[PDB]
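First comes the structure, then the notes that go with it.
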Amino acid sequence: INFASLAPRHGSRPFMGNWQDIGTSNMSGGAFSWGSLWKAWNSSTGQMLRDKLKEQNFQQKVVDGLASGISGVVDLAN
Amino acid sequence: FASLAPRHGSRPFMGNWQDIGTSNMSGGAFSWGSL
Amino acid sequence: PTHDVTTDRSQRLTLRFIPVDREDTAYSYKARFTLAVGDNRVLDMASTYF
Amino acid sequence: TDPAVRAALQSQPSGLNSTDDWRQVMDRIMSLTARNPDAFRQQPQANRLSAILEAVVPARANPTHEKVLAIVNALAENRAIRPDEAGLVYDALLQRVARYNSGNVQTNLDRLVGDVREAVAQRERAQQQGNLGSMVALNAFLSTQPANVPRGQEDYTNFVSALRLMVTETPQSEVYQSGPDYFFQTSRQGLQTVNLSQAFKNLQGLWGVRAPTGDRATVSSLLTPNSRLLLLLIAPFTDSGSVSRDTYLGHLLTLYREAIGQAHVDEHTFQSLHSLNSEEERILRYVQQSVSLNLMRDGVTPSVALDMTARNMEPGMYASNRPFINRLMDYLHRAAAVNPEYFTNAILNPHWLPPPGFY
């Protein structure tokens with residue numbers, strides 16, 4: 001009775017997730033990551049478009065799926 | 001061991017053994033967090 | 001850490017290489033560089049650029 | 001955490017593996033430690049130098065706070081003061097010492113920390129030893145009671161000794177005097193409080209004359225329930241023959257003793273030889289799949305099918321499991337040669353296992 005064969009294998013080693021992860025959330029005291037980070041009267045054109053581009057995309061730190069990027073330092077916005 | 005590491009304490013600062021890595025566009029990812 | 005990180009010997013950080021050969025055609029281009037590495041160091045190719 | 005006020009203190013005023021224990025640091029810095037040698041040889045320079053500089057010339061320390069905190073913590077764990085009073089009295093004592101300090105004062109302070117350590121240990125062991133205060137109170141009460149009973153005397157003094165033994169043998173029991181009476185509580189914050197004076201007054205008249213009358217329940221109402229509880233609490237004590245039997249008191253004691261006895265006793269009583277390893281099962285399923293595939297889509301003969309399966313195996317696993325795989329291949333070979341129906345069934349049906357005797 002071992003279920004390791006069902007899991008994805010990360011190379012001679014099953015990819016067993018942390019057992020400490022079973023959901024629990026309520027009104028106060030429960031906070032989850034990935035927060036809400038974010039005819040022109042004004043013709044600047046430029047920053048405007050750029051800003052719209054920014055508005056449609058993303059950035060944060062626990063986004064560590066895969067890799068952070070080369071040489072390093074550990075930072076915030078936890 | 002290693003003496004070549006930043007030491008934030010008397011104890012050395014060393015990451016996880018398992019740190020070497022991969023991703024193919026594929027979706028061979030779409031995988032979870034560092035946590 | 002102090003020891004075993006940075007060599008005390010004089011060592012360039014950035015090297016500039018001259019193209020030892022360059023043959024041009026009416027539409028294309030060609031360059032050959034003699035990429036040299038010091039005998040006691042390692043080069044990460046990602047930093048190399050034209 | 002720890003009761004020893006020295007230990008429960010020294011967790012508070014102390015680093016971790018500093019030069020307070022110089023010998024361990026000096027052992028670790030050269031090479032002497034065997035658990036993990038060459039640890040110190042490869043630290044950054046500053047740290048190394050600093051320890052060394054600390055090691056050759058130690059730096060003096062002021063132990064006044066440690067000793068004062070030790071004695072304060074001893075007072076706290078001994079119910080001398082409340083914990084808030086502990087926080088206050090620490091500063092109070094610190095000021096007292098600081099405004100009268102001398103070498104003699106430090107010497108007396110060391111003497112005092114030793115004394116309070118011993119005092120806490122003694123108080124704990126005495127509280128777990130039998131609480132002499134209850135014994136003193138009981139002896140005072142017994143002195144108040146008369147020692148002579150006109151009707152029967154052996155049973156009376158035997159019972160008195162039994163009560164003495166009971167109060168001695170079970171710590172946490174309380175004997176005291178609140179009003180003009182003595183009492184006996186079987187535990188602090190506990191029920192079952194017996195009015196000892198009233199119980200003895202009632203029992204005085206039943207000692208040496210209730211033996212012949214035990215058969216008839218004519219005088220049974222003379223026993224007030226408080227005295228009944230008092231007798232019940234002494235059932236485990238005063239074993240058989242201590243109180244003369246065939247006596248109403250003796251009869252009750254014997255019944256209660258028998259009952260409690262059955263109880264504790266009962267309570268302490270309370271309340272196919274070869275099968276394959278997962279790796280071999282994986283190999284078996286792979287062999288089934290490969291042989292079936294070759295035999296069904298390529299039409300090859302079963303022997304050639306078995307041969308083709310073998311080769312396409314991972315060499316490491318094939319060499320690691322050479323005996324089992326060889327035996328399985330030979331078994332399937334002879335099965336396909338002899339009994340084609342059995343071979344086809346065993347090569348096409350999952351949940352199949354090799355029958356016993358194949359080993």
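Numbering starts fresh at 1 for the residues of each chain in the structure tokens, the chains themselves are lettered A, B, ... in the order given, and ligands are numbered from 1 as they appear.
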
inquiry  = Give me, as a list in words, the residues of chain C touching chain A, with the criterion being at most 12 Å (counting only C-alpha atoms).
reply    = residues 44, 46 and 47 of chain C

Shell of 10 Å around range 10-12 of chain B, only C-alpha atoms, local chain residues under 6 positions omitted, as a list in words = residues 1, 2, 3 and 4 of chain B; 1 of chain C; 39, 40, 43, 44 and 47 of chain D

request  = From range 101-238 of chain D, collect each residue whose DSSP state is strand (DSSP E or B) and return the set as a VMD selection string.
outcome  = chain D and resid 174 to 177 182 to 185 193 to 195

inquiry  = Give me, as a VMD selection string, all polymer residues having an atom no more than 12 Å from residue 343 in chain D, counting only C-alpha atoms and skipping those fewer than 2 positions away in the same chain.
reply    = chain D and resid 288 291 to 292 295 302 to 303 306 329 331 to 341 345 to 349 352 354

message = Quick check, in Å to one decimal: how far apart do CA of residue 6 in chain D and CA of residue 90 in chain D lie?
response =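 Going from CA of residue 6 in chain D over to CA of residue 90 in chain D covers 15.5 Å.
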
Which residues come within 12 Å of residue 30 in chain C, counting only C-alpha atoms, excluding same-chain residues fewer than 6 positions away, as an mmCIF file with N, CA, C and O atoms, in the first residue's frame?
```
data_model
loop_
_atom_site.group_PDB
_atom_site.id
_atom_site.type_symbol
_atom_site.label_atom_id
_atom_site.label_comp_id
_atom_site.auth_asym_id
_atom_site.auth_seq_id
_atom_site.Cartn_x
_atom_site.Cartn_y
_atom_site.Cartn_z
ATOM 1 N N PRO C 19 38.572 40.909 -34.478
ATOM 2 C CA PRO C 19 38.283 39.858 -35.454
ATOM 3 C C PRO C 19 39.508 39.545 -36.293
ATOM 4 O O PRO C 19 40.021 40.399 -37.019
ATOM 5 N N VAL C 20 39.978 38.303 -36.193
ATOM 6 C CA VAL C 20 41.150 37.892 -36.954
ATOM 7 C C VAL C 20 40.837 37.644 -38.421
ATOM 8 O O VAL C 20 41.767 37.503 -39.226
ATOM 9 N N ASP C 21 39.563 37.578 -38.793
ATOM 10 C CA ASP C 21 39.200 37.393 -40.188
ATOM 11 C C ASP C 21 37.793 37.921 -40.403
ATOM 12 O O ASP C 21 36.932 37.809 -39.527
ATOM 13 N N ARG C 22 37.572 38.492 -41.581
ATOM 14 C CA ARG C 22 36.295 39.112 -41.899
ATOM 15 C C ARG C 22 36.138 39.162 -43.407
ATOM 16 O O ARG C 22 36.782 39.980 -44.067
ATOM 17 N N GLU C 23 35.280 38.303 -43.944
ATOM 18 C CA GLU C 23 35.032 38.234 -45.376
ATOM 19 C C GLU C 23 33.600 38.655 -45.648
ATOM 20 O O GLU C 23 32.669 38.140 -45.021
ATOM 21 N N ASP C 24 33.425 39.579 -46.582
ATOM 22 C CA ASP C 24 32.127 40.170 -46.864
ATOM 23 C C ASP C 24 31.621 39.687 -48.210
ATOM 24 O O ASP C 24 32.408 39.479 -49.137
#
```
